[PDB]
Amino acid sequence: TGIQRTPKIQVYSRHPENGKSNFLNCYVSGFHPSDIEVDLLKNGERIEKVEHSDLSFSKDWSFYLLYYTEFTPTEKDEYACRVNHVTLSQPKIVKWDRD
Amino acid sequence: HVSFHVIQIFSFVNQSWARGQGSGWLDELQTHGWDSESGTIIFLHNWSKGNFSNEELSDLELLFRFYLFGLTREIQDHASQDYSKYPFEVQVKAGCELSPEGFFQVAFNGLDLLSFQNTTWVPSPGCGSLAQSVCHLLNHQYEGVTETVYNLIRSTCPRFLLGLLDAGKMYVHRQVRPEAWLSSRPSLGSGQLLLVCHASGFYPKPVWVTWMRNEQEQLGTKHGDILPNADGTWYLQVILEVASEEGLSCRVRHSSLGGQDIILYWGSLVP
Ligand SMILES: *[C@@H]1O[C@H](CO)[C@@H](O)[C@H](O)[C@H]1NC(C)=O
Ligand SMILES: *[C@@H]1O[C@H](CO)[C@@H](O)[C@H](O)[C@H]1NC(C)=O
Ligand SMILES: CCCCCCCCCCCC
Ligand code: NA
Numbered sequence: 009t010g011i012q013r014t015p016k017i018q019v020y021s022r023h024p026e027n028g029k030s031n032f033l034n035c036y037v038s039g040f041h042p043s044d045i046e047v048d049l050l051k052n053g054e055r056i057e058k059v060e061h062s063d064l065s066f067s068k069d070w071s072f073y074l075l076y077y078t079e080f081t082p083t084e085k086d087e088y089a090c091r092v093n094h095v096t097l098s099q100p101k102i103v104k105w106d107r108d
Numbered sequence: 007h008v009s010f011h012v013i014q015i016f017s018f019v020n021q022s023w024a025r026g027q028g029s030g031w032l033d034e035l036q037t038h039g040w041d042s043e044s045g046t047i048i049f050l051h052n053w054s055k056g057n058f059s060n061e062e063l064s065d066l067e068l069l070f071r072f073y074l075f076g077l078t079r080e081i082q083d084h085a086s087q088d089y090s091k092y093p094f095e096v097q098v099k100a101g102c103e104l109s110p111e112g113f114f115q116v117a118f119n120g121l122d123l124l125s126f127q128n129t130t131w132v133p134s135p136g137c138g139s140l141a142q143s144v145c146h147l148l149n150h151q152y153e154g155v156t157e158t159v160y161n162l163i164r165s166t167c168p169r170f171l172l173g174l175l176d177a178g179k180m181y182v183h184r185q186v187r188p189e190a191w192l193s194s195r196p197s198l199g200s201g202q203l204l205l206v207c208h209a210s211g212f213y214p215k216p217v218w219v220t221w222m223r224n225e226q227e228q229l230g231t232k233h234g235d236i237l238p239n240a241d242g243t244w245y246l247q248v249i250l251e252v253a254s255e256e259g260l261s262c263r264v265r266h267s268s269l270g271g272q273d274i275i276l277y278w279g280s281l282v283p
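The listed protein sequences derive, respectively, from chains B and A.
Under PDB author numbering, the letters of the first sequence match residues 9 to 24, 26 to 108, in that order.
Under PDB author numbering, the letters of the second sequence match residues 7 to 104, 109 to 256, 259 to 283, in that order.
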């Protein structure tokens with residue numbers, strides 16, 4: 009007798026230039042339970058040394074975390090956020106858009 | 007409006023594995039953290055001490071440590087009977103908003123279980139059998155606890171929160187001007203492009219990113235969630251779909269900008 013919510017992945021940059030150092034943010038919202046696996050990707054490879062939030066939950070008790078790594082973007086580079094959770098049948102890759 | 011509170015997460019995986027984790031919050035602003043393993047308060051900011059003596063805070067840190075461990079200890083002791091009810095998660099939200111009002115909300119599997127009203131532990135109207143059982147033991151069996159919880163939310167929390175606000179005076183009332191830009195993105199439609207208007211790295215959270223088709227403000231854009239940045243600032247993006255070259261702009265209104273609002277023009281205008 010409880011709740012199961014699927015994570016809401018949201019990907020963005022701390023600032024808008027190639028070669029100029031930035032921060033990639035992956036914000037995972039409203040999920041049940043807390044057991045979550047959030048990964049950050051550089052051309053599909055799991056980015057190591059990536060800091061994150063202390064787990065917190067919204068008014069409605071759904072959890073949330075902000076994931077971040079100091080990154081330097083380039084033309085040929087593809088950045089995305091891979092999240093896997095009990096509600097998810099297979100991981101969810103969410104691409105960071107640019108242009 | 008002034009609300010300080012602690013949050014606790016008690017994750018109960020199996021007969022043996024069960025962990026606990028806390029945080030110290032001043033609304034959206036995190037002020038404290040909890041070393042789950044060691045049982046040590048983490049003061050995130052310079053002013054996280056507030057006005058409280060370290061002899062105080064240590065005794066507080068201590069009481070928290072005992073409780074963070076004991077709650078798990080006592081929970082796994084009851085769960086030692088029905089190894090089927092595994093896994094499950096307990097959630098705690100408790101503090102005060104300053109006459110001043112205190113609180114203690116509890117959730118099970120992300121659904122209100124019980125509350126602390128005056129000195130009575132009151133079941134959330136719904137799952138009776140588990141709540142009524144817990145509430146009973148809290149109201150009539152664990153003797154110290156109720157008075158302590160009462161004291162923490164009504165005597166300590168208001169005393170602390172007042173201190174913390176006078177402590178973080180500059181940081182809590184700081185004004186961070188937004189970094190705003192435009193962006194193009196292929197829409198799903200033939201001869202249709204998306205117009206992303208960004209406003210990043212701003213604080214306090216209340217912001218107003220609006221797309222204008224020349225004169226009028228256009229509702230019918232894709233407003234995002236005001237999202238967090240590691241630094242403490244906020245981020246917002248509003249998407250406007252346009253057909254193959256449609259003279260429009262983006263007005264950004266933030267508390268920080270001195271009565272002025274940022275305007276961002278996409279391409280050419282034709283008056
Ligand atoms: C309990 O769950 C943990 C995962 O959190 C697992 O590593 C461990 O093997 C489990 N133990 C038992 C006895 O089920
Ligand atoms: C709160 O409960 C106490 C008994 O513990 C009682 O004396 C007091 O009058 C009650 N007040 C309210 C507002 O219910
Ligand atoms: C095993 C059922 C979950 C028990 C949840 C206990 C929550 C009560 C919090 C108040 C203790 C001070
Ligand atoms: Na009591």
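Where is the CB? At the ideal position from N, CA and C, for every residue including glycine.
Exposed unless 16 or more other CB atoms sit within 10 angstroms - verdict on residue i
i                      : result
residue 22 of chain B  : buried
residue 266 of chain A : buried
residue 216 of chain A : exposed
residue 18 of chain A  : buried
residue 245 of chain A : buried
residue 67 of chain B  : exposed
residue 65 of chain A  : exposed
residue 231 of chain A : buried
residue 162 of chain A : buried
residue 283 of chain A : exposed
is_contact[residue i, chain A] using C-beta, thresh 8 Å
i                     : result
residue 70 of chain B : yes
residue 23 of chain B : yes
residue 30 of chain B : no
residue 10 of chain B : yes
residue 50 of chain B : no
Minimum Cβ-Cβ distance from residue i to chain B less than 8 Å
i                      : result
residue 238 of chain A : yes
residue 244 of chain A : no
residue 117 of chain A : yes
residue 124 of chain A : no
residue 87 of chain A  : no
residue 45 of chain A  : no
residue 95 of chain A  : yes
residue 207 of chain A : no
residue 250 of chain A : no
residue 163 of chain A : no
residue 90 of chain A  : no
residue 39 of chain A  : yes
Heavy atom of ligand 3 within 7 Å of residue i beta-carbon
i                      : result
residue 13 of chain A  : no
residue 113 of chain A : no
residue 146 of chain A : no
residue 105 of chain A : Here chain A breaks off after 104 and picks up again at 109, leaving residue 105 of chain A without coordinates.
residue 266 of chain A : no
residue 77 of chain A  : yes
residue 118 of chain A : yes
residue 96 of chain A  : yes
residue 84 of chain A  : yes
residue 140 of chain A : yes
Contact check, residue i vs residue j, beta carbons under 8 Å
i                      : j                      : result
residue 26 of chain A  : residue 77 of chain A  : yes
residue 58 of chain A  : residue 167 of chain A : no
residue 177 of chain A : residue 82 of chain A  : no
residue 13 of chain A  : residue 98 of chain A  : yes
residue 74 of chain A  : residue 56 of chain A  : no
residue 43 of chain B  : residue 75 of chain B  : no
residue 207 of chain A : residue 272 of chain A : no
residue 250 of chain A : residue 205 of chain A : yes
residue 28 of chain A  : residue 37 of chain A  : no
residue 96 of chain A  : residue 16 of chain A  : yes
residue 100 of chain A : residue 115 of chain A : yes
residue 212 of chain A : residue 187 of chain A : yes
residue 80 of chain B  : residue 31 of chain B  : yes
residue 218 of chain A : residue 228 of chain A : no
residue 129 of chain A : residue 158 of chain A : no
residue 103 of chain A : residue 8 of chain A   : yes
residue 105 of chain B : residue 88 of chain B  : yes
residue 90 of chain B  : residue 59 of chain B  : no
Residue i: CB within 7 Å of a non-hydrogen atom of ligand 2
i                      : result
residue 128 of chain A : yes
Any non-hydrogen atom of ligand 1 within 7 Å of residue i CB
i                      : result
residue 23 of chain A  : yes
residue 219 of chain A : no
residue 6 of chain B   : This structure leaves residue 6 of chain B out entirely; chain B is present only between 9 and 108.
Near ligand 4: residue i beta-carbon under 7 Å from a heavy atom
i                      : result
residue 108 of chain A : Residue 108 of chain A falls within a stretch that is absent from the model, since chain A runs 104 to 109 with no residues between.
residue 153 of chain A : yes
residue 157 of chain A : yes
Next item on the list: Compile a chain-ordered list of the residues in the segment 66 to 99 of chain B whose CB is closer than 7 Å to at least one CB of chain A.
Entry: Hits within the stretch, in order: 66, 70, 71, 75 and 77.
Item checked: Selection of the segment 33 to 48 of chain B by Cβ proximity to chain A, strictly under 8 Å -> Answer set for the segment 33 to 48 of chain B: 34, 36, 38, 41, 42, 43 and 44.
Check: In the segment 60 to 82 of chain A, which residues sit with their C-beta less than 9 Å from some C-beta in chain B, listed in chain order?
Finding: Flagged: no residues at all.
Checklist line | Contact set between the segment 180 to 195 of chain A and chain B, restricted to residues whose Cβ is under 7 Å from the partner | finding: Residues passing the 7 Å Cβ filter: 189, 191, 193, 194 and 195.
Checklist line | Against chain B: residues of the segment 265 to 280 of chain A by CB proximity under 9 Å | finding: Answer in chain order: no residues at all.
Note to self: Tell me which residues of the segment 8 to 28 of chain A have at least one Cβ-Cβ distance to chain B shorter than 9 Å, keeping chain order.
What the structure shows: Against chain B - using a Cβ distance shorter than 9 Å - the residues of the segment 8 to 28 of chain A are 13, 15, 17, 19, 27 and 28.
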